[PDB]
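Novice: coords please:
(one chain, ligands or ions: 1)
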Amino acid sequence: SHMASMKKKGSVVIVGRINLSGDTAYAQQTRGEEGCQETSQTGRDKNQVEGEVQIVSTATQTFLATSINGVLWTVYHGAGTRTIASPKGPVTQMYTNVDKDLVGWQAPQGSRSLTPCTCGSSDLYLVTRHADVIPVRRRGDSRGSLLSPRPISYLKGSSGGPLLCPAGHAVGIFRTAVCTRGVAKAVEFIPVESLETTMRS
Ligand SMILES: [Zn+2]
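Specialist: Residues are numbered from 1 along each chain as shown. Sure, structure below:
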């Protein structure tokens, strides 16, 4: 009787946000453990959403999602094909691309979106899930070097967060760190141009 007993994966749940509104960046939690679990099963999330960078959790993981041009983006290796909880119930992914490690849902009402960068700059800033703003020098279409290497633990759970231009535009989505000696010297990210192509294909 396994068919009657087969479970269903919960929804992704917003549990916080990275505040970039003012001059100081900090992480705010909006939902604790019990509420996160209940909201993941039901997919019904009545909480008000704000900001550009959300902190999101599954049953097994916590990571980031970033709104860009009306779409809330995150990594496939974190969210899989899961729905996201919303006031109206579970919301099905709008984009799913395992080959780019990218997924997206329609940006929740109340969120603010970042604009894709058009400057062509190479001086970047990575926002971590602890609201640290790490300077990152772009080294290629999808790679950047940390100006100050740090233990991998410092970046755990920042996948899906943004890399930002000097002018605050979105340059890419953080995908995975490059670690030698368990120290992170560089990062791989999904360039925003790749998101723009997905949004029009
Ligand atoms: Zn820019």
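Novice: C-alpha only now, for contacts and for neighbours.
Specialist: Fine.
Novice: which residue sits closest to whichever residue of the chain sits closest to the ion, ignoring its sequence neighbours?
Specialist: Residue of the chain nearest the ion, by CA to the ion: residue 117 (3.8 Å). Nearest residue to residue 117, sequence neighbours excluded (CA to CA, 6 or more residues apart in numbering): residue 169, at 4.7 Å.
Novice: any idea how far residue 192 is from the one you found?
Specialist: The spacing between residue 169 and residue 192, counted by CA to CA, to the nearest Å, is 10 Å.
Novice: hey, what's in contact with both of those two?
Specialist: Taking CA atoms under 8 Å, 6 or more residues apart in numbering as the criterion, residue 169 and residue 192 both touch 116, 117.
Novice: you'd agree the residue of the chain closest to the ion is up against residue 170?
Specialist: Yes - counting by CA atoms under 8 Å, residue 170 is a contact partner of residue 117 at 5.4 Å.
Novice: more neighbours: the two, which one.
Specialist: Neighbours per residue (other CA atoms under 10 Å) separate residue 117 from residue 170, with residue 170 holding more: 26 against 19.
Novice: identify the bridge partners of the more buried one.
Specialist: Here residue 170 sits in beta bridges with residue 116, residue 164, going by DSSP bridges.
Novice: all further residue positions should be reported with the first residue as 5.
Specialist: Okay, residue one is now 5; in that scheme the one you just asked about reads as residue 174.
Novice: quick one: it from residue 128, how far?
Specialist: Where residue 128 is concerned, residue 174 sits at a distance of 9 Å (CA to CA).
Novice: any shared contact partners between those two?
Specialist: In contact with both residue 174 and residue 128: 167, 168, using CA under 8 Å, 6+ apart.
Novice: now the helices for this structure?
Specialist: 37-46, 80-83, 196-202 (DSSP state H).
Novice: rewinding a little: so who does the residue of the chain closest to the ion touch?
Specialist: 169, 173, 174, 175, 196.
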